[PDB]
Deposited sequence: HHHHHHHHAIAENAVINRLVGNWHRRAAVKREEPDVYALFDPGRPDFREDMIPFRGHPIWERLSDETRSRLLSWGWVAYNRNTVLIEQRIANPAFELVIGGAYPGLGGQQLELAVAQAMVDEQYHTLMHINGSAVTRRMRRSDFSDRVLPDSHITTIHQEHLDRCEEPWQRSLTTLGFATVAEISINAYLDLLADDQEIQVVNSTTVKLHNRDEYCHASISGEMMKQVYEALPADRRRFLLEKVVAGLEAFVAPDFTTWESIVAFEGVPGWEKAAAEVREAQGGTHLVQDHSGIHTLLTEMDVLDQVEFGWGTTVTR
């Protein structure tokens, strides 16, 4: 595989691992309450802190994906959990990506740290629950009866993550209004993930081909569930944020927001997975 081989070759060359209070820390249009009348009841100070929390939550989701889904899948790959993989080159490519992911986690932790320092406020990760994708991944894991099912669940969710993260990062990478340290952090992350998507795509194709029919089917079901979870707005995390901020009538509004917005995707660009499933000739079966 020449894709794998060259990524391995030039990693040392491309890998990323080598303030204006006026600017919002985040995009208003990615806050669920921004689309509800309650937004007008809020003070400029509260609006500002909700933007800060938004950024913090976006960082937390990214860290949680890397630590609970992506890296655990990479480790299972290296440990031989899946048929159709193996060989020294893949091991090196994956070992490199694990470094990248850990560095991405650091970048996002620092993104939040800078916000906390500059705004002079805690915005603690401890306030936030498990992100929506983390939750759904864990629910699927808990329904597994066999080890092979858990490992395929994680692969499916990680494939979705690695192939769709570019579109999640795109949401802030291009935004010229928000804090530039925030956009630049997201852009830099975005660079690495282009190459990760290629690796993850290749690996998925090969595992799928080498799996028996029952296990193939189980894997695609996990890919489906993962994408659904990945692209959704995290209503639950935002509910934790607005409760902690003491927004009056947050609960009633939250119910109304789930009703009105339960159907919109935060991430609308699904071209990564669409294209992967097309190249695999399995797009036939989907939700």
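- The chain's deposited sequence has unresolved stretches at 1-12, 31-39, 309-317, with no C-alpha coordinates there.
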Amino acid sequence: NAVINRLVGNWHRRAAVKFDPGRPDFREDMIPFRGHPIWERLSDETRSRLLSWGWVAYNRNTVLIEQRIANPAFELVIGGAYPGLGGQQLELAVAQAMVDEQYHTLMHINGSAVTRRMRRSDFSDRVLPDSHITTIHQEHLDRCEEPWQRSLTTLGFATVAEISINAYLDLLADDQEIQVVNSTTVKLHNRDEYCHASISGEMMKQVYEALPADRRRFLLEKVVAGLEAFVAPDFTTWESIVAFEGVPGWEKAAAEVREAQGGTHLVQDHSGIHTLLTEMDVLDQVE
From here on, numbers count along this sequence of modelled residues.
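- Relative to its counterpart among 254-262 and 215-223, 254-262 has the higher mean temperature factor, C-alpha atoms as listed in the PDB entry.
- Just going by the entry, 125-133 versus 188-196 on mean CA temperature factor gives the higher value to 188-196.
- Each of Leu85, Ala73, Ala93, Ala113 has a CA temperature factor in the record; the biggest one is found at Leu85.
- Compared with the other modelled residues of the chain, the Cα B-factor recorded for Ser151 ranks in the lowest third.
- Annotation for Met118: CA B-factor lies in the highest third of the chain's modelled residues.
- Residue-level temperature factors show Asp234 in the lowest third of its chain, judged at the C-alpha atom.
- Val180: CA B factor lies in the highest third for its chain, per the PDB record.
- When the modelled residues of the chain are ordered by their C-alpha B factor, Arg68 lands in the lowest third.
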